[PDB]
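Take a look at the letters that make up each chain.
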Amino acid sequence: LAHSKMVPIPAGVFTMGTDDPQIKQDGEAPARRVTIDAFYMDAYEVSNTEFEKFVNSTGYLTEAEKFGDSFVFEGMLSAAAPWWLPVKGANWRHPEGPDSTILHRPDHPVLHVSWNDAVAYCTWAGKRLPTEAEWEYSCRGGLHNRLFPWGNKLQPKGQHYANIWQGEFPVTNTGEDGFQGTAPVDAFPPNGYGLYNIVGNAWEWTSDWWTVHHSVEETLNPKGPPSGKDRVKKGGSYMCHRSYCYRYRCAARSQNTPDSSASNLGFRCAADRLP
Ligand SMILES: *[C@@H]1O[C@H](CO)[C@@H](O[C@@H]2O[C@H](CO)[C@@H](O)[C@H](O)[C@H]2NC(C)=O)[C@H](O)[C@H]1NC(C)=O
Ligand SMILES: [Ca+2]
Ligand SMILES: [Ca+2]
């Protein structure tokens, strides 16, 4: 395993957002041309094993551990919606609560990490969170105006390309794609840049404050708005389905307060140069 490896994301110009928004309330529109300097992106979501190295080094206690609870999806039991439950003792080591464990899933994405927990990790690692624009550029994997990192078909060539939901959400996840919950961080094909699970599996924090008001002005290395209350997260998770939550597109976007944590939310890091 080299689950902390980074790939070089080449300098370029891309179309961020879409003029065919699918969730208009989320400010997916308008399409806008953004210039991104070359930088490095983690190939993988940060795994349980990688996060454990950080905690071993620093003694870091996550926000969920200090609060004493975190949000768990009801379908994973042995609020934003009725299927989200605040569970006492749910945290990154205990992803469904105090009687769950990560011992059998060391290579799965770390979960129940807040935006602050993510920043702590990335900075410990000699890295940082990506901006939303960096994240989206990276997600798109060198293709223009596609739905997904790989193109516009959900199952190209009849193959599963990401870990999302199949079946009737929230009652039945068929596990058709091979995973009901998370998958290992190196599961599924990489995109054109070498990135794995950038849509699906775990949601991914970015550095930007959330807004839905964007100009069509062309920008260079944008950082998002200077203030806000929620931070931007991207990419969707193992829970997403076309029927209720169509957010496994590069252009999709959502938000949470920075001290928030949940059983479907993780992150990956970026860097200006190799650490
Ligand atoms: C984090 O630290 C723990 C505790 O030191 C490590 O687990 C130990 O690893 C040693 C060396 O391989 C074993 O001999 C012990 O039996 C382990 N102790 C326990 C209680 O698990 C762990 O490997 C470290 N984690 C990472 C990812 O580096
Ligand atoms: Ca799945
Ligand atoms: Ca992901």
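Residues numbered from 1 in each chain as written, not as in the entry; some residues may be left out. Chains lettered and ligands numbered in written order. Heavy atoms only, no water. Residues with missing side-chain atoms left out of burial classes, pairs and counts.

As recorded in the entry header, the structure was determined using X-ray crystallography to a resolution of 1.55 Å.

Draft legend 1. Summary view of the coordination of the calcium ion (ligand 2). Each protein donor to the calcium ion (ligand 2) is listed here as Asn-163 (OD1), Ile-164 (O), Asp-177 (OD), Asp-177 (OD) and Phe-179 (O); together their distances run 2.3 to 2.5 Å. Of note, the donors binding the calcium ion (ligand 2) are all from one chain and are spaced N-I-x12-D-x1-F. Here the residue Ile-164 occupies a position in the loop between α4 (132-140) and β7 (167-168), and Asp-177 occupies one in the loop between β8 (172-173) and β9 (203-209), the gap between them amounting to 13 residues. For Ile-164, a relative accessible area of 5% puts it in the buried group. The exposure class assigned to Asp-177 is buried, which follows from its relative accessible area of 8%. (Donors = N, O, S within 2.8 Å, 3.2 Å for Na, K, Ca; no water. Helix = DSSP H or I, 4+ residues; strand = E, 2+ residues; numbered from the N terminus. Buried < 20%, exposed > 50% of the residue type's maximum accessible area, 1.4 Å probe, protein only.)

Draft legend 2. Inspection of the state of the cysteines at higher detail. Overall, the coordinates contain two disulfides when judged by the stated rule. Residue pairing for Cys-122: its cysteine sulfur links by disulfide to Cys-269, the two sulfurs lying 2.0 Å apart. Looking along the S-S bond of the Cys-122-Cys-269 disulfide, the torsion reads about -85°, which is the left-handed sense. Of this pair, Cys-122 sits in helix α3 (residues 115-124) while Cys-269 sits in the loop between β13 (265-266) and β14 (270-271), and the two are 147 residues apart along the sequence. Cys-139 shares a disulfide with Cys-250; S-S distance 2.1 Å. Between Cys-139 and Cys-250, the S-S dihedral sits near -80°, and the bridge is therefore left-handed. Of this pair, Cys-139 sits in helix α4 while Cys-250 is found in the loop between β11 (231-234) and β12 (254-256), placing the two residues 111 residues apart along the sequence. A relative accessible area of 0% places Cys-250 in the buried class. In the chain, the bonded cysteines, taken in the order they occur along the sequence, pair up as 1-4, 2-3. (Disulfide = S-S within 2.5 Å.)

Draft legend 3. Just the nonpolar core, in detail. Ranked by internal contacts, the top residues of the largest apolar core, which has 28 residues, are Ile-9, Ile-36, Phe-39, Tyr-137, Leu-195 and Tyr-248. Elements with a contribution of two residues or more to this core: β1 (6-9), β2 (12-16), β3 (32-36), β4 (39-42) and α4. Counting residues per element, this core draws most heavily on α4, which supplies four residues. Ranked by size, the runner-up nonpolar core spans 27 residues in total, among them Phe-73, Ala-81, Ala-120 and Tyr-121. (Core = buried A, V, L, I, M, F, W, Y, C linked by side-chain atoms within 4.5 Å.)

Draft legend 4. View of the coordination of the calcium ion (ligand 3). Looking at the calcium ion (ligand 3), one finds its protein donor set to be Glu-45 (OE), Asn-197 (O), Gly-200 (O), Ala-202 (O) and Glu-204 (OE), positioned 2.3 to 2.4 Å from the metal centre. For the pair shown, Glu-45 and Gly-200 are each scored as buried.

Draft legend 5. Examining α3 more closely. Within α3 the residues assigned to the buried category are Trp-115, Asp-117, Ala-118, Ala-120, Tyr-121 and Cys-122. Contacts from the buried residues of α3 go to α1 (48-58), α2 (63-67), β9 and β11. Two or three places before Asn-116, at the opening of α3, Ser-114 has a side-chain oxygen 3.4 Å from that residue's backbone nitrogen. Just downstream of α3, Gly-126 is the residue with a positive phi angle, here 80°. (Contact = heavy atoms within 4.5 Å. Polar contact = N/O pair within 3.5 Å; in protein donor to acceptor, adjacent residues only side chain to side chain.)

Draft legend 6. A look at the sheet that holds β4. Taken in spatial order, the three strands of this open sheet run β1-β4-β14, and their pairing is antiparallel. A strand with exactly one partner marks an edge of an open sheet, and here the two such strands are β1 and β14. Two strands pair when backbone bridges link them, and β4 and β14 are joined in this way by two bridges, in the antiparallel orientation. Bridged to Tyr-40 within β14 is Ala-271. Together, β1 and β4 form the strand contacts of α4, whose direction differs from that of β4 by roughly 75°. (Pairing = 2+ DSSP bridges. Axes fitted to C-alpha atoms, helices over the stretch in contact; angles between N-to-C directions.)

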